[PDB]
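Visitor: Dropping a structure here in structure tokens format, bear with me for questions.
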Amino acid sequence: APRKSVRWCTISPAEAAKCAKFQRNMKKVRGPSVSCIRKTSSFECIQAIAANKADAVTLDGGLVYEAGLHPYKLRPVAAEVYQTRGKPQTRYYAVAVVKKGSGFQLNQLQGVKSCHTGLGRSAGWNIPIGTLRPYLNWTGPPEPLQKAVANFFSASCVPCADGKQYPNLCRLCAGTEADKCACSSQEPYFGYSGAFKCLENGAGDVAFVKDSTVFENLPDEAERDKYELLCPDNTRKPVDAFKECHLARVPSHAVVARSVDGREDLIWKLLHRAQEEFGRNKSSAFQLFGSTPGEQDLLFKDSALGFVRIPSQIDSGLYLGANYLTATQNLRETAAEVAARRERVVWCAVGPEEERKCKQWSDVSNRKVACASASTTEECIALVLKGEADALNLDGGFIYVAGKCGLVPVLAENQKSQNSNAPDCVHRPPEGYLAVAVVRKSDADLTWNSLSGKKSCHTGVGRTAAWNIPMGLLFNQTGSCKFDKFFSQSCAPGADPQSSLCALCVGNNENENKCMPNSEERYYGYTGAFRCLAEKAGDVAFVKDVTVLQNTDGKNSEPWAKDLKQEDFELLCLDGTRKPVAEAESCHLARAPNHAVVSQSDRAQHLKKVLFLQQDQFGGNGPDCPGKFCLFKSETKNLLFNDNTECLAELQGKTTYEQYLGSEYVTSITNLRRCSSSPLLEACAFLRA
């Protein structure tokens, strides 16, 4: 039964004496004992870890990208949480340390000495070179970026550098014969604390190190004052100024096991007791961080406060918070590839259902647009976060998620509503929308309070229309965090398949794949949940009045209901009542925010333009939509946008969702997280700390 004690991979005789030293105290307090084994470098250790002659090790943001790289796909076990000199974070900033007097402003860097933390590490490599890119004069990857660096710097100390290939980069790395620049602390100017020394020592002219490394290495503000910083403003700034003068602020390092059969718990087991009874004035007898100055920075980072178990769907890219993985992937492309990307907008189409629409669109866009869809909106969103994708028109409630993750509204799903029309849609006041509980006409008595334990129709969970608004009320009036027993059983897209509220749900034409978030479920969208009441099955549905009209007296043509008179249904008023379809501007549930294309702010603004142009290349406004393509026009299916959507328009300054959606809804939609929530919102709650 003894779960196999873990095996940490060490890249040096010290990383081992260290695991050894730790080992002692493990059986000494008798917690989850380990067994470390050696593999020369971080990359070398990764292999043992995955091909399990080992299991887990700690590595820098950069290396994760690698750790999670296809050849070996490993999972970000637990990142180091560092002191923040504010509130303890994982995301470290990136700056380059410079000797005041050397004065060579970033740009003015051509051909001096460069000290590095290693080949491939965050601020130690991936980050610097990338910004030093433009200047470098490198065709692209076919010509290894590797040579442009030396060709750029008269000298460099880059651990794990392919020295015999072009000498120049190990030129600055002191060392044994072997160990000179051998990727491990068997080389001084390595990692943070190592590379740092490099500088002070003369041969070291500039390095880019942890926004602390100096502080790490300097307990004398007079000796600290001995330094200055290199900033993207090209000018130099103070040390502690790493907050306002620096390159990229990447997420820390982390422990990582195989994305497969991690032992993750076993792992966390260790880290926990370790963080419980050593370091932090916990074990005056032993500690794991404050370690040696002779072989500085070890297994993790010295003084790296604590850590956090990364919850589970996170994979390489995911943990890497788009922006940085962008930088890294970009490190292996051509301005061609690059350029192209930056304007050829990636879109995620909620399912194969939308996947083809975009495909179509990918074709008429004159290759301006291109997509990879994802299962459910969540995954789509997530995807954008992963960075493979760029956008999707999100539903209010859905957008909520985006924001909590850091996504900002770009253009809103404008109603095409009538009033005093003109291209002014482009920027028109959002008429929001009116969700309403349209009840089936005939059945009159089934009024408000009375709903008690019925069959119900939903556009989805976590969505405006039907979910959010309705659900909240009920619970407000029933505390049913275990909702079900209010609505005997319904059909809503996304709940527990084996939910006691899905059932009603039907799969594709071939009746398979029921109770899920995507239109390829005859009941998903404002649309299908209408199909639900009409299918005389679910005895009550809420959504916006608009959807009704969308599919009444011929407004729509699918055989199933093309027939139903708009007079076939009543609309359930709050005050007991059940008003007419049309007249819900009294009767409705309430008015809520429309949808809107949301994005990673840093891509978004550029999108805004392309959409503005693109939409007029289609739209229930322009001329070509009538012709060879319609965006905000579906086929009533309402993919990406609604066929009734005039143009995606300008927000009213409402950049954050907290803005767009707004306090009340904003707040209430979290009350709901209470009862149950998604791993994704969890993940966001966890990364965007």
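Cβ coordinates were reconstructed from backbone atoms using ideal geometry, including for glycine residues, and neighbour counts include every protein chain displayed. What is reported rests on the model, the rules as stated and the sources as named; nothing here is a laboratory result.
Visitor: Would you be able to say whether some residue in the range 57-79 is polar (S, T, N, Q) and in a loop (DSSP other than H, G, I, E, B)?
Guide: The answer is no; no qualifying residue exists.
Visitor: Mind counting the residues in the range 479-505 that are aromatic (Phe, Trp, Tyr) and either surrounded by fewer than 15 Cβ atoms within 10 Å (Cβ to Cβ) or outside any helix (DSSP H, G or I) (or both)?
Guide: 2
Visitor: Please identify the pairs in which a residue from the range 437-458 that is in the same structural domain as residue 485 (by CATH) and in contact (Cβ under 8 Å) with a residue 24 or more places away in the chain has its Cβ atom under 9 Å from the Cβ atom of a residue that is among the polar types (S, T, N, Q) and in a helix (DSSP H, G or I), counting only partners at least 6 apart or on another chain.
Guide: Partner pairs satisfying both residue conditions: 438/547.
Visitor: Looking only at the range 120-172, filter to residues that are hydrophobic (A, V, I, L, M, F, W, C) and surrounded by fewer than 19 Cβ atoms within 10 Å (Cβ to Cβ); which one of those is nearest to residue 234 (Cα to Cα)?
Guide: It comes out as 136.
Visitor: Considering each of 396, 472 in turn, give the residue that is closer than 17 Å to residue 657 by Cα and of a type in the set (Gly, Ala, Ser).
Guide: 396
Rundown of residues vs (1) under 21 Å from residue 459 (Cβ atoms); (2) in contact with a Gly (Cβ under 6 Å, 6 or more places away or on another chain); (3) outside the structural domain of residue 559 (by CATH), yes/no style:
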site: 639; (1), (2), (3): yes, no, yes
site: 642; (1), (2), (3): yes, no, yes
site: 647; (1), (2), (3): no, yes, yes
site: 662; (1), (2), (3): yes, no, yes
site: 665; (1), (2), (3): yes, no, yes
site: 669; (1), (2), (3): yes, no, yes
site: 674; (1), (2), (3): no, no, yes
site: 677; (1), (2), (3): yes, no, yes
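Visitor: Identify the single condition in (1) out of contact with any strand residue (DSSP E or B) (no Cβ under 9 Å at 6 or more places or on another chain); (2) of a type in the set (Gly, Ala, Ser); (3) under 20 Å from residue 279 (Cα atoms) that residue 41 does not satisfy, given that it satisfies every other one.
Guide: Of the numbered conditions (1) out of contact with any strand residue (DSSP E or B) (no Cβ under 9 Å at 6 or more places or on another chain); (2) of a type in the set (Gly, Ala, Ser); (3) under 20 Å from residue 279 (Cα atoms), the odd one out for residue 41 is (3).
Visitor: Okay, moving on. The conditions are (1) in a strand (DSSP E or B); (2) over 18 Å from residue 119 (Cβ atoms); (3) not aromatic (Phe, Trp, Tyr), and residue 53 fails exactly one of them. Which is it?
Guide: All conditions pass for residue 53, except number (1).
Visitor: Let me ask something else about it. Please work out if residue 199 is assigned to a helix (DSSP H, G or I) and either outside the structural domain of residue 300 (by CATH) or under 22 Å from residue 92 (Cβ atoms) (or both).
Guide: yes
Visitor: Considering only the range 248-261, state which residues are among the small types (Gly, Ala, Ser) and surrounded by fewer than 20 Cβ atoms within 10 Å (Cβ to Cβ).
Guide: Once the filter is applied, which keeps residues that are among the small types (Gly, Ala, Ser) and surrounded by fewer than 20 Cβ atoms within 10 Å (Cβ to Cβ), the range 248-261 yields only 259.
Visitor: Right, next: Can you pull out every residue in the range 339-390 that is without any contact (Cβ under 8 Å) to a residue 60 or more places away in the chain, touching a helix residue (DSSP H, G or I) at 6+ places or on another chain (Cβ under 6 Å) and not hydroxyl-bearing (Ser, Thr, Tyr)?
Guide: Result: 348, 370, 371, 374, 389.
Visitor: Mind checking which residues of the range 1-20 are under 34 Å from the mean Cα position of the chain (by Cα) and of a type in the set (A, V, I, L, M)?
Guide: 6, 11
Visitor: Of all residues in the range 279-292, which are more than 13 Å from residue 307 (Cβ to Cβ) and in contact (Cβ under 8 Å) with a residue 60 or more places away in the chain?
Guide: Once the filter is applied, which keeps residues that are more than 13 Å from residue 307 (Cβ to Cβ) and in contact (Cβ under 8 Å) with a residue 60 or more places away in the chain, the range 279-292 yields 283, 285, 286, 291, 292.
Visitor: Still on this model: For the range 528-549: of the residues being small (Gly, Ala, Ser) and in contact with a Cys (Cβ under 7 Å, 6 or more places away or on another chain), which is surrounded by the most Cβ atoms within 10 Å (Cβ to Cβ)?
Guide: 541
Visitor: Does the range 44-80 hold any residues that are within 22 Å of the chain's Cα centre (by Cα) and of a type in the set (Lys, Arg), and which are they?
Guide: Correct list: 73, 75.
Visitor: Would you point out which residue out of 96, 1 is among the aliphatic types (A, V, I, L, M) and within 20 Å of residue 209 (Cα to Cα)?
Guide: Exactly one residue qualifies, and that residue is 96.
Visitor: Tally up the residues in the range 622-658 that are in contact (Cβ under 8 Å) with a residue 40 or more places away in the chain and acidic (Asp, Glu), please.
Guide: Number of matching residues: 4.
Visitor: Within the range 6-18, is there a residue that is in contact with a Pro (Cβ under 9 Å, 6 or more places away or on another chain), assigned by CATH to the domain that holds residue 55, assigned to a strand (DSSP E or B) and over 21 Å from residue 292 (Cβ atoms)?
Guide: Yes: one or more hits.
Visitor: Test residue 85 against the stated conditions and say whether it is closer than 26 Å to residue 197 by Cβ, surrounded by 22 or more Cβ atoms within 10 Å (Cβ to Cβ) and among the basic types (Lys, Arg).
Guide: no
Visitor: Condition (residue is on the phi < 0 side of the Ramachandran plot, of a type in the set (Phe, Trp, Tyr), assigned by CATH to the domain that holds residue 22 and under 18 Å from the mean Cα position of the chain (by Cα)) applied to the range 263-279: is it met by at least one residue?
Guide: no
Visitor: Kindly evaluate residue 204 against the criterion of being part of a loop (DSSP other than H, G, I, E, B), within 18 Å of residue 77 (Cβ to Cβ) and not basic (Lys, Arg).
Guide: When the stated conditions are applied, residue 204 does not pass them.
Visitor: Hey, another quick one. For the range 509-532, how many residues are more than 21 Å from residue 498 (Cβ to Cβ), more than 31 Å from the chain's Cα centre (by Cα) and touching a residue at least 60 places away in the same chain (Cβ under 8 Å)?
Guide: Total meeting the criteria: 1.
Visitor: Pull out all pairs, ordered by first then second residue, where Cβ-Cβ is under 6 Å, the residues are six or more apart or on different chains, the first lies in the range 659-673 and is under 12 Å from residue 464 (Cα atoms), and the second is of a type in the set (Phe, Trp, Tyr).
Guide: So the pair list comes out as 669/400.
Visitor: Still on this structure: Take the conditions crowded, with 16+ Cβ neighbours inside 10 Å and in contact with a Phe, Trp or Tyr (Cβ under 7 Å, 6 or more places away or on another chain) and apply them to residue 209. Does it pass?
Guide: Yes.
Visitor: State the number of residues belonging to the range 276-323 that are crowded, with 20+ Cβ neighbours inside 10 Å and either in a helix (DSSP H, G or I) or charged (D, E, K, R) (or both).
Guide: The number of residues fulfilling the criteria is 8.
Rundown of residues vs (1) part of a helix (DSSP H, G or I); (2) touching a strand residue (DSSP E or B) at 6+ places or on another chain (Cβ under 8 Å); (3) crowded, with 16+ Cβ neighbours inside 10 Å, yes/no style:
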residue: 459; (1), (2), (3): no, yes, yes
residue: 471; (1), (2), (3): yes, no, yes
residue: 508; (1), (2), (3): no, no, no
residue: 526; (1), (2), (3): yes, yes, yes
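Visitor: Could you list all residues from the range 216-262 that are part of a helix (DSSP H, G or I) and under 31 Å from the mean Cα position of the chain (by Cα)?
Guide: Once the filter is applied, which keeps residues that are part of a helix (DSSP H, G or I) and under 31 Å from the mean Cα position of the chain (by Cα), the range 216-262 yields 216, 240, 241, 242, 243.
Visitor: If you don't mind, another one. Looking only at helices (runs of 4 or more DSSP H) that lie completely in the range 326-444, which have at least 1 residues being within 15 Å of the chain's Cα centre (by Cα) and surrounded by fewer than 24 Cβ atoms within 10 Å (Cβ to Cβ)?
Guide: Hits in the range 326-444: 377-386, 396-405.
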